[PDB]
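Going line by line, the protein sequences match chains A and A'. A prime marks a further copy of an entry chain.
If you count the first sequence from 1, position 86 lands on 86 in the authors' numbering, and the numbers rise without skipping.
If you count the second sequence from 1, position 155 lands on 155 in the authors' numbering, and the numbers rise without skipping.
Just below is one structure, and these are the notes that go with it.
Protein chains: 2
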Amino acid sequence: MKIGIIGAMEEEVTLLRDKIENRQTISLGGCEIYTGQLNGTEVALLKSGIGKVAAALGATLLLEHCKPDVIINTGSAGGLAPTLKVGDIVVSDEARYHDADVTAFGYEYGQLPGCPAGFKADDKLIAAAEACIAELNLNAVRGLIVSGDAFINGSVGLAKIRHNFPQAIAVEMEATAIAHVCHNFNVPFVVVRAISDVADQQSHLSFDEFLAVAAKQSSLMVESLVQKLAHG
Amino acid sequence: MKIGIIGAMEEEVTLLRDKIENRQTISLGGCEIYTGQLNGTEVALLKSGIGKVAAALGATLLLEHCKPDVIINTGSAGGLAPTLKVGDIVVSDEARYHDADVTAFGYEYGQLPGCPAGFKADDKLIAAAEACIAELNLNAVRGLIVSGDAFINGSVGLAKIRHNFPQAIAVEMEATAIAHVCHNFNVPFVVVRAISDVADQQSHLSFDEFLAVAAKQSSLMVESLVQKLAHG
Ligand SMILES: CCCCSC[C@H]1CN(Cc2c[nH]c3c(N)ncnc23)C[C@@H]1O
Ligand SMILES: CCCCSC[C@H]1CN(Cc2c[nH]c3c(N)ncnc23)C[C@@H]1O
Numbered sequence: 001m002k003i004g005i006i007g008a009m010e011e012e013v014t015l016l017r018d019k020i021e022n023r024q025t026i027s028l029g030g031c032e033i034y035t036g037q038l039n040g041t042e043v044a045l046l047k048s049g050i051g052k053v054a055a056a057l058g059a060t061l062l063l064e065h066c067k068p069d070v071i072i073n074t075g076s077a078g079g080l081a082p083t084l085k086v087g088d089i090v091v092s093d094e095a096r097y098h099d100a101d102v103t104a105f106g107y108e109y110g111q112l113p114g115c116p117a118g119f120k121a122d123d124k125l126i127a128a129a130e131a132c133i134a135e136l137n138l139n140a141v142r143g144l145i146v147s148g149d150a151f152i153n154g155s156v157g158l159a160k161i162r163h164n165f166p167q168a169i170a171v172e173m174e175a176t177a178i179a180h181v182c183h184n185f186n187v188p189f190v191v192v193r194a195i196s197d198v199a200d201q202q203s204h205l206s207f208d209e210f211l212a213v214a215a216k217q218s219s220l221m222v223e224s225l226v227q228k229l230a231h232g
Numbered sequence: 001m002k003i004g005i006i007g008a009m010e011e012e013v014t015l016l017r018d019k020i021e022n023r024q025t026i027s028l029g030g031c032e033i034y035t036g037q038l039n040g041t042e043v044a045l046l047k048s049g050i051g052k053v054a055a056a057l058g059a060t061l062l063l064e065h066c067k068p069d070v071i072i073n074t075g076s077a078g079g080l081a082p083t084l085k086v087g088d089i090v091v092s093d094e095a096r097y098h099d100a101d102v103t104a105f106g107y108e109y110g111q112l113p114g115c116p117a118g119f120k121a122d123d124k125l126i127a128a129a130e131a132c133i134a135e136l137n138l139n140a141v142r143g144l145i146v147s148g149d150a151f152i153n154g155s156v157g158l159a160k161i162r163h164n165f166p167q168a169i170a171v172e173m174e175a176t177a178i179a180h181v182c183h184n185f186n187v188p189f190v191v192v193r194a195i196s197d198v199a200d201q202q203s204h205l206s207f208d209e210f211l212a213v214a215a216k217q218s219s220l221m222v223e224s225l226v227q228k229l230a231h232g
């Protein structure tokens, strides 16, 4: 098994990258892919850069150049569900765009024509993630993650998301793009992120303070998940 | 010279596709790329599907698999500039995301971190496009094109764009994604689209009525532009 891992920011990939043995770097299309072994398992770790198009470009290169068997999206997220605190884990069962709108032609809010309204994460990957959460005694919520190209910071931006996706557990800027690419290539995916902020008026301050905390929790989860998948 | 051409919808690529001699089809990642000769010039024409991620995925495959020398983005657009009528041509000097917002961290509205605030189209390609416009006696405007994942249909969606980008001449859903991918691969690009609607409350009705008109005008421009570039 080769496990593909995608993170947007330096801070979200640095802990995993440092653990990769025999590390090689592919530099293509403005992104970096690091290949080698993570606790004995072959991995390909993409640092994509921020937002939907960066993520889409990077994921496409990762799939084409490395042919990973599955994709895990790691990093931070803005928490939306009431029981989430900084550091807590969010696991996708599904990803949707919160900023896509072709409802004038009768598509569901968030749905682009030619796509399902949402992209479902892989059941086996979800189950493995939940097993790791249990083993590591972490607080986690499984559910809908929504993506757009905006850093959510209270005001009207948060309000629109709570209005249109009251079931969304977290918001970020890459997951659904990754999900979409994986859908089109028929590659299983899961998102395993951790909370850096609660997407309110203070979220920029919380993000600066707690990105590192969130990166560490997600990275430790991903390390555990890689091991669990490779062993099983 | 090999010219890369990208269109999102069937209607936007069908006229060019039908003119391709010795046509072959590559089907990968949910998109189609058609290769062959257009009036003697080698071309690779991508049908990407709609929106930013579809466009990004498709453009990445096009660049990787076909290595075109330049990229031309064809199709329809929502007109924003006052002198534009249905069928008229818009030529990018630049592309920006109208839905990207990381201003909480001091980036320019529409700018994603790690990107320029806008992506500049190639001066030589712009000049060739303007020469074709003159030769074909078309009404055109050159300027900023903005992209997002929403079909603009008056109300608050149009209002936000007029507020944040009063200089934008047109709006659509793929151009900036294509521009971003081309930027990251250092490939020159130009957008040459035609107006299907003016992005107001009636734009869905106008789009249904005039997509074919807009596709034809853009396609005829692109055919002329391919010839002009290959000859010069
Ligand atoms: C210049 C500093 C970076 C600003 S953009 C935020 C990063 C972290 N990612 C997740 C993320 C955490 N909190 C969020 C929020 N409140 N809104 C939207 N995304 C998030 C998305 C993107 O890769
Ligand atoms: C289900 C029918 C298709 C609906 S989505 C519209 C198509 C046509 N493209 C350009 C386009 C023309 N007018 C526009 C407008 N008012 N807003 C935003 N984009 C546009 C973008 C996208 O590929």
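The beta-carbon is built from N, C-alpha and C at its ideal position, and this holds for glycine as well.
Asked, Found
"Tell whether a beta-carbon distance below 8 Å holds between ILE195(A') and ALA170(A').", "yes"
"From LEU38(A) to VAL13(A), what does the alpha carbon distance come to, in whole angstroms?", "13 Å"
"Are the C-beta atoms of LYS52(A') and some chain A residue less than 8 Å apart?", "yes"
"Could you tell me which whole alpha helix (DSSP H) segments of length 4 or greater appear in the stretch 84 to 158 of chain A?", "123 to 135"
"For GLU209(A') and chain A, any beta-carbon pair shorter than 8 Å?", "no"
"Determine which residues of the stretch 145 to 160 of chain A have a Cβ less than 8 Å from any Cβ of chain A', and write them out in chain order.", "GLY148, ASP149, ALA150, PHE151, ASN153 and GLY157"
"Report the rounded CA-to-CA distance for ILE3(A) versus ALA128(A), giving the unit in angstroms.", "13 Å"
"Along chain A', which residues have their Cβ under 7 Å away from the Cβ of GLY30(A)?", "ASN184"
"Is there contact between the stretch 134 to 143 of chain A' and the stretch 214 to 231 of chain A', where contact requires at least three CB pairs shorter than 8 Å?", "yes"
"Can you check which of these residues, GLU11(A'), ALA44(A'), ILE26(A') and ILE33(A'), is closest to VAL226(A') by C-alpha distance?", "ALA44(A')"
"Let me know if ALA159(A) comes out buried or exposed under the rule of 16 or more other beta-carbons within 10 Å of its beta-carbon.", "exposed"
"Helix, strand or coil: which one does DSSP assign to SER196(A)?", "strand"
"With H, G and I counted as helix, E and B as strand and the rest as coil, what does DSSP make of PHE185(A')?", "coil"
"Rounded C-beta distance between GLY29(A') and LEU61(A')? I'm assuming under 8 Å.", "6 Å"
"According to DSSP, is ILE169(A') helix, strand or coil?", "strand"
"Where do the N-terminal and C-terminal ends of the alpha helix (DSSP H) with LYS67(A) fall, by residue?", "Segment: none, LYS67(A) is in no alpha helix (DSSP H) and carries neither H nor E."
"Work out the CA separation of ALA230(A) and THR41(A) for me, nearest whole Å.", "7 Å"
"What do you get for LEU205(A'), buried or exposed, if any count of 16 or more other CB atoms within 10 angstroms of its CB means buried?", "exposed"
"Is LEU15(A') helix, strand or coil by DSSP?", "helix"
"Confirm, please, whether the CB-CB distance from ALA175(A) to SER92(A) is below 8 Å.", "yes"
"Specify the secondary structure class of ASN39(A') as computed by DSSP and reduced to three states.", "coil"
"For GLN24(A') and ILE5(A'), what's the separation of their Cα atoms in angstroms?", "15 Å"
"Looking at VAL171(A) and ligand 1, is the gap between the Cβ and the nearest heavy atom below 7 Å?", "yes"
"Indicate, with yes or no, if ligand 2 has a heavy atom lying under 7 Å from the CB of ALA215(A).", "no"
"Can you tell which of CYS115(A), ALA121(A), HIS65(A) and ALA179(A) has the C-alpha that lies nearest to the C-alpha of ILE33(A)?", "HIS65(A)"
"Show which residues of chain A' have a CB atom less than 7 Å away from the CB atom of residue 234(A).", "Residue 234(A) cannot be examined here, being either before or after the span of chain A that is shown, 1 to 232."
"Using a Cβ-Cβ cutoff of 7 Å, what residues of the stretch 103 to 120 of chain A' are near chain A? List them in chain order.", "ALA104, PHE105, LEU112, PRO113 and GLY114"
"According to DSSP, is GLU174(A') part of a helix, a strand, or is it coil?", "coil"
"In terms of residues, what are the limits of the alpha helix (DSSP H) holding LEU211(A')?", "203 to 231"
"Rounded C-beta distance between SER224(A') and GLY154(A')? I'm assuming under 8 Å.", "Contact doesn't hold; Cβ gap of about 33 Å is too wide."
"Report the neighbours of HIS204(A) on chain A': residues whose CB is nearer than 8 Å to its CB, in chain order.", "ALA104 and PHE105"
"Would you please verify whether the beta carbon of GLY49(A) is less than 8 Å from any beta carbon of chain A'?", "yes"
"Kindly indicate the opening and closing residues of the beta strand (DSSP E) around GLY4(A').", "3 to 7"
"Quick check on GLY78(A'): does DSSP put it in helix, strand or coil?", "strand"
"Thinking just about the alpha-carbon of each residue, which of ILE89(A), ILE26(A) and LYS52(A) is nearest to the one in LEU46(A)?", "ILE26(A)"
"Let me check one thing: in DSSP terms, what residues is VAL191(A) bridge-paired to?", "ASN73(A)"
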